[PDB]
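[1] here's a sequence, model it:
(6 chains, ligands or ions: 5)
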Amino acid sequence: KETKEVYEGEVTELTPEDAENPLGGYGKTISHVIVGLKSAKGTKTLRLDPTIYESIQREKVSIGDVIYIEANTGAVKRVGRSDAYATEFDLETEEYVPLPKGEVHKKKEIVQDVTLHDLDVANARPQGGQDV
Amino acid sequence: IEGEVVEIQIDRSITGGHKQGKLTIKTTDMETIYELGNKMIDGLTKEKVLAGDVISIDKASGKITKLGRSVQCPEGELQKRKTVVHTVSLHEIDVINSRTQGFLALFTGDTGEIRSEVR
Amino acid sequence: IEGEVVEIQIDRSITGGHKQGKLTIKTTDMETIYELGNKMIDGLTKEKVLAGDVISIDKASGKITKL
Amino acid sequence: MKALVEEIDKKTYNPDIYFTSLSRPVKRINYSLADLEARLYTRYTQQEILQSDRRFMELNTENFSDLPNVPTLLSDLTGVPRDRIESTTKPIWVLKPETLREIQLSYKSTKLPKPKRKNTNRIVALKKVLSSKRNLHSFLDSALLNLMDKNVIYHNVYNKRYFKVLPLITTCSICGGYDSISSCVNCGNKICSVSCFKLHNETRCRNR
Amino acid sequence: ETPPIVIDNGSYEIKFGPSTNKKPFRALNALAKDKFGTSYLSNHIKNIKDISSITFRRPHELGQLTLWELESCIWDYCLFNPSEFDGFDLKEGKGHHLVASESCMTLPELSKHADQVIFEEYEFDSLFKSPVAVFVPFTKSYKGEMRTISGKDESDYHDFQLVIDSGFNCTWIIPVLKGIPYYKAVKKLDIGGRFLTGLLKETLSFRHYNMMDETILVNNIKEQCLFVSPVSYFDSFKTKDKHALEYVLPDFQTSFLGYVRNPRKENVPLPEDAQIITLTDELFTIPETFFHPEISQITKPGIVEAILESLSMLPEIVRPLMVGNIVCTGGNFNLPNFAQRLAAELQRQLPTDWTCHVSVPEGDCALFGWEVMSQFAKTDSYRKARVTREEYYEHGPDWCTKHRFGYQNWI
Amino acid sequence: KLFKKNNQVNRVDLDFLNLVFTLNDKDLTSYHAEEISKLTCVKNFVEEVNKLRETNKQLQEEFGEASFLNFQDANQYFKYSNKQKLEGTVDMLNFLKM
Ligand SMILES: Nc1ncnc2c1ncn2[C@@H]1O[C@H](COP(=O)(O)OP(=O)(O)O)[C@@H](O)[C@H]1O
Ligand code: BEF
Ligand SMILES: [Mg+2]
Ligand SMILES: [Zn+2]
Ligand SMILES: [Zn+2]
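    Numbering: from 1, shown residues only, chains lettered A, B, ... in the order given. Ligands and ions are numbered 1, 2, ... in the order given. Here you go, the structure:
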């Protein structure tokens, strides 16, 4: 059993924030990234670090697309484009999903049970790493 | 949505919009024009398409299927809702989950003792 | 050598060519200032440090580790 | 399958643009003089906003007899000249003394007035107010209202900053089907089905 | 005369009644004339047999009422007829008090005309005219039945109130702080009963024979059979085949007003030679023009945009307080599901920290506004708020309307 | 995609609890792990929580009765800001613990 907290919803406006101070450590970077999240019950603005924003840039997320951001692992997943925007184009490749229910933030725990041998097999073969 | 394409126009990126294009899908019963969806334009420019061939574009799948040239005749209305039945054995379901690509393990016979937990 | 960092200064366009920047490492009971060499200037760029941070540097190999 | 080799001309081909194209047919040509001279002398466009206001007021009017008189009042509300915007945009009395006598016969059945009158300046103003026969346009033309008063009453009430918040919804022009969004060739209008298309080709297509 | 007279002047209908009675007497405001030339009184319009060709001429324009002769004649008819209204009558009215309701943006000159006519002609001892939004904070003076709806969930008067009043003329969003309206944040919605009726006449003119010549039939259909989409236009459009209403035209030789028939209801076996009109898309299409103007092709911003802009012009401290108390009045709110739909669409655009609540009274909202408007007379503050006749004779006619009853003073 | 139906509902990450630890020898050392585990910042969050719990309990024990209540929070000038302050510091109370 472990508890996870997730922010999910449609992205309203996301903006980077760059620091004018060079600091000597980097040539160019950002201090923080603010990304707004919209949901049926309510809307909330979040303040994120440049890394978890870099993940969003890897997901190629644009304004109006539902995203899934977990606090524990810090992973960002794009579910799909919002349903209301579907009528914009006649033909579209992207799938459409409704806006997530819930205010913004959610607290949930997972009671999943797993055998020890499955821990051994998952321990033998790693799923991690991007190496060729 | 399937039908003959008489005219397809695709425009380079401009400041006004990312990409602007209009494809004309002609069928016997109805003929209408659709405005493409960006990545749709990347699918039409991705594989070379010549005007005057009969194709079938999949909205949910996002890929294009060419059924011939105009070899075939337009049957009717452009968009139709159909159901697709797929007959898959328990083995075929079992091999895909045990591997990254299991459908290759179906044909190649390299399956190699799938775990019983997966089954 | 393990300690929390206070401030890190590296001059670039003032003169040039490894201007000998100086960084201040802080510990609870001791604080000192260390001069940084050219190869250490090149080594500090990798694993970039904004200070406000706790790092540890190996004495023999000059390896930089960020706690 | 996909051809790994593609023949290309240096001058003609560009990676930027990709173009593919295939009793007596004749291309439609507009014989209107103002259309050709209009073409050569040239978020929503302002003219389309004018059409939306004119159509909104024509749909707002209750009676046919009042339809032609409304564009003058709307032109007075917008501020642009009436004749010009009325000539450029194509859209789509109340009081009589004898009728007042007929209404006096309508309520004449049961009434309990007590007449009393004495000549006074306030009574002269009373007779001037009781009998008006002045349209709202006549009140807007009067100098009794301040210019800032008119600005606050009309121009200042509408929402300046927010044009749109909720997302846009585009539907068919016949039955409003959103399942199939298909634009027409001539007028670019969206038609859902072949039935709505054949019904559109007759009455609702002007540019054909 | 202790009890005053409560008169609410509307464009479609003027509701007048004594302060003692619980419900107002409904009297239409208009002058209708048949094509043959026969003119009937406003309340007698419902009695006429042929609704086919009727010309409506009313003293109330879109902005205000310009002509006080026809409106004054309607006042003489409603107030001066004992037999037309059971138990009501007035011999003179020199000692009676009047409470009137006028538009918030009404021109000062027409207000001078109103004060001169009512004060001098009707000889009222004291009169206090205020827009309907000002009487809303007085709802808490008496205990009553009002339905409360939470958009986020799945003295006696109160200072913070947000009054959204939809009407036949137009819809007004009036914020009220400390019992006084804030006129800088007041927003106007041009959508009203006239645009719904005319829009329905155009849609029915394309779908069937043109009904634009008959306003009354389209009005009755729009009142009876219209409903608002509870969820969304898409979900209601996929269900348009399951949810449909059939309306039979009233035959001038038999029935004056038509009847609504539901295919699920077998309660009407009676066959008739008349032809039935099918209503599917226009049921949920017409009311949806409030939230989405794109369906009606109009460029208007929409209601929720005017709500957010109205909250934008307000101070940051009063914004979360006014969204917690919302009272809806008028006839356009009588449509089903419109309150919950508006509360949800407004809740989706508000921040998570703020909670929105909408309180819609049970029954007709116009009668509710008249009832609370009558409860304002019983308030002890009305004794200080009323203006004596002698004070009106001392001051000029422009002072009473410009200072106390005018919006320019509160700006 | 049919087997991609909702998982993380009942799925455990299993990499967050360090049961995958056989990947820890590649980039990580011994003494850095021992010192890193000895230097943990725990007990500071408890202090930052205990200092805010005073400002929370002074509002709760005094105005906390009518503060979070929606009746007094309907129309109030003074009370509503206190309600938003309490509901504001509760989030910061649980966040530091998460
Ligand atoms: N039950 C109902 N269903 C639908 N619409 C209604 C209903 N009752 C009244 N209305 C609408 O409300 C309008 C009357 O509004 P009203 O309260 O008279 O406002 P005003 O103050 O502008 O006169 C009418 O035009 C009518 O279309
Ligand atoms: F004048 Be009504 F309230 F629209
Ligand atoms: Mg009203
Ligand atoms: Zn259609
Ligand atoms: Zn057309």
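
[2] now do the phi/psi pair for residue E:70.
    With angles defined as degrees, to the nearest 10, residue E:70 sits at phi -70, psi -40.

[3] mind listing the helices for chain B?
    B:39-46, B:90-98, B:103-108 (DSSP state H).

[4] pick out the residue of chain D closest to chain F.
    Chain D approaches chain F most closely through residue D:179 (22.8 Å), counting by C-beta to the nearest C-beta. In this view, the C-beta of every residue, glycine as well, is placed from N, C-alpha and C.

[5] so that residue touches residue D:192, yeah?
    Yes - Residue D:179 lies in contact with residue D:192 (C-beta atoms under 8 Å); the separation is 6.7 Å.

[6] ok, the single nearest residue of chain F relative to chain B - how many residues close by?
    Residue nearest to chain B within chain F (C-beta to the nearest C-beta): residue F:3, separated by 6.2 Å. Counted with other C-beta atoms under 10 Å in any protein chain shown, residues neighbouring residue F:3 total 8.

[7] pretty sure it sits against residue B:102.
    No - counting by C-beta under 8 Å, residue B:102 is not a contact partner of residue F:3; they are 11.1 Å apart.

[8] would you map the strands across chain B?
    For chain B, applying DSSP state E gives strands covering B:2-10, B:21-26, B:31-35, B:53-57, B:64-69.

[9] residues near the closest residue to residue D:187 other than its chain neighbours, how many?
    Distances taken as C-beta to C-beta, 6 or more residues apart in numbering or on different chains put residue D:207 closest to residue D:187, at 4.7 Å, once the chain neighbours are dropped. Neighbourhood size, residue D:207 [other C-beta under 10 Å]: 11.

[10] distance to residue D:105 for the strands of chain B - can I get that in CSV?
    CSV is the format used below for the strands of chain B (distance: least, C-beta to C-beta, whole Å):
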stretch, distance to residue D:105
strand B:2-10, 70
strand B:21-26, 67
strand B:31-35, 62
strand B:53-57, 73
strand B:64-69, 78
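
[11] kindly list the longest helix within chain F.
    In chain F, assigned by DSSP H, the helix with the most residues is helix F:44-67.

[12] hmm, back to that, higher neighbour count, residue D:179 and residue D:192?
    More crowded of residue D:179 and residue D:192, by other C-beta under 10 Å: residue D:192, with 21 against 13.

[13] which residues touch the nearest residue to that one once chain neighbours are set aside?
    Residue nearest to residue D:192 in three dimensions, not counting chain neighbours: residue D:177, with 3.1 Å by C-beta to C-beta, 6+ apart. Going by C-beta atoms under 8 Å, 6 or more residues apart in numbering or on different chains, residue D:177 touches D:171, D:192, D:193, D:196, E:237.

[14] name the helix or strand for the last one, please.
    Right, the one you point to is residue E:237. Using DSSP states H and E, residue E:237 sits within helix E:233-238.

[15] quick one: the helices in the chain?
    Using chain A here. Secondary structure of chain A by DSSP H: the helices cover A:50-59, A:116-124.

[16] oops, I was thinking of chain E
    Ranges of helices in chain E, per DSSP H, are E:68-80, E:108-116, E:132-135, E:193-207, E:215-225, E:233-238, E:281-285, E:303-312, E:319-322, E:338-349, E:365-378, E:381-385, E:389-394, E:397-399.

[17] any chance of these in CSV, with mean neighbour count and distance to residue F:69 too?
    Putting these into CSV (neighbours: other C-beta atoms under 10 Å in any protein chain shown; distance: least, C-beta to C-beta, whole Å) gives the following:
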stretch, mean neighbour count, distance to residue F:69
helix E:68-80, 21, 47
helix E:108-116, 22, 43
helix E:132-135, 25, 28
helix E:193-207, 20, 40
helix E:215-225, 19, 41
helix E:233-238, 16, 36
helix E:281-285, 22, 39
helix E:303-312, 21, 24
helix E:319-322, 20, 15
helix E:338-349, 20, 21
helix E:365-378, 22, 26
helix E:381-385, 12, 28
helix E:389-394, 13, 45
helix E:397-399, 16, 46
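
[18] ok, back up a step: out of the helices of chain B, deepest packed?
    Comparing the helices of chain B by mean neighbour count (mean count of other C-beta atoms under 10 Å in any protein chain shown), helix B:39-46 ranks first with a mean of 18.

[19] quick one on the thing from earlier: out of the helices of chain E, which comes closest to chain B?
    Proximity to chain B (C-beta to the nearest C-beta) singles out helix E:233-238 among these, at 12.5 Å.

[20] can you show me the CA trace of that closest one as CSV?
    C-alpha atoms of helix E:233-238 as CSV (Å, rounded to 0.1, in the frame of the first residue of the first chain):
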residue,chain,number,x,y,z
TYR,E,233,-25.5,20.3,-26.8
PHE,E,234,-23.7,17.1,-28.0
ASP,E,235,-25.3,14.8,-25.5
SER,E,236,-28.7,16.4,-26.1
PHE,E,237,-28.2,16.1,-29.8
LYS,E,238,-27.4,12.4,-29.7
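
[21] just checking, what packs against it?
    Using 3 or more C-beta pairs under 8 Å, 6 or more residues apart in numbering or on different chains; DSSP states H and E as the contact test, the elements touching helix E:233-238 are helix E:281-285.

[22] now check the helix it packs on, is it near ligand 1?
    No - judged by C-beta under 6 Å from any ligand atom, helix E:281-285 and ligand 1 are separated, with a smallest distance of 12.3 Å.

[23] the residue in chain F that ligand 5 sits nearest to: how many residues sit nearby?
    In chain F, no residue comes nearer to ligand 5 than residue F:1, which is 39.5 Å away by C-beta to the ion. By the measure other C-beta under 10 Å, the count of residues near residue F:1 is 4.

[24] which parts of the longest strand along chain A are buried?
    Taking DSSP E as the criterion, chain A has its longest strand at strand A:2-17. Going by neighbour count (16 or more other C-beta atoms under 10 Å in any protein chain shown), the buried part of strand A:2-17 is A:4, A:6, A:7, A:8, A:9, A:10, A:11, A:14.

[25] which residues sit in contact with the third one?
    I take that to be residue A:7. A:37, A:44, A:46, A:69, A:71, A:104, A:105, A:106.

[26] quick one: buried residues of stretch E:2-10?
    Of all the residues in stretch E:2-10, those buried under the rule 16+ other C-beta under 10 Å are E:4, E:5, E:6, E:7, E:8, E:9, E:10.

[27] start and end of that stretch, how far apart?
    26 Å (C-alpha to C-alpha, to the nearest Å).
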